[PDB]
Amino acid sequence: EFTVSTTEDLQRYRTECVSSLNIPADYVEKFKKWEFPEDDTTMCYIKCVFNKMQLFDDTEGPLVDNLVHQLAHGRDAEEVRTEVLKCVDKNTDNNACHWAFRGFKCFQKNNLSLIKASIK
């Protein structure tokens, strides 16, 4: 049921989320440059994209098995899973947007290369 996301999948999901959340043009400009402001508009966008990629569920949180499928082929699944699990936490402030974004920010600090490589 999980399918890995390609570059085109991700571009479609970006477009869909910009549409459905009515993301302002200024934010889109920033997302294109990999700039993600610390605000609800951005956080809900990332949640939206992750929902569509089947990498995050609003109730269960990060979908670790799916993240490993997305990121790890050709690499050491154990290493990747370990790095993912370091960024997996509880929904302590009962906010799926905050939750999804926190995990993204955690992971991309040290694993940006792995993220970019996953999108072929």
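All residue numbers are counted from 1 along the displayed sequence. Under this definition, the rigid core comprises the largest set of C-alpha atoms superposing within 1.5 Å between the forms.
- Choosing between 108 to 116 and 94 to 102, the greater Cα displacement from the shown form in 6 other deposited structures of this protein, fitted by the core, goes with 108 to 116.
- Between stretches 27 to 35 and 62 to 70, the one whose Cα atoms sit farther from the displayed model in 6 other deposited structures of this protein on average is 27 to 35 (core-aligned, root mean square).
- The PDB entry records a higher mean C-alpha B factor for 34 to 42 than for its counterpart among 48 to 56 and 34 to 42.
- In this entry, the higher average B-factor at the C-alpha atoms falls on 21 to 29, of the pair 103 to 111 and 21 to 29.
- Per the PDB record, residue ranking by Cα B-factor puts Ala72 in the highest third of the chain.
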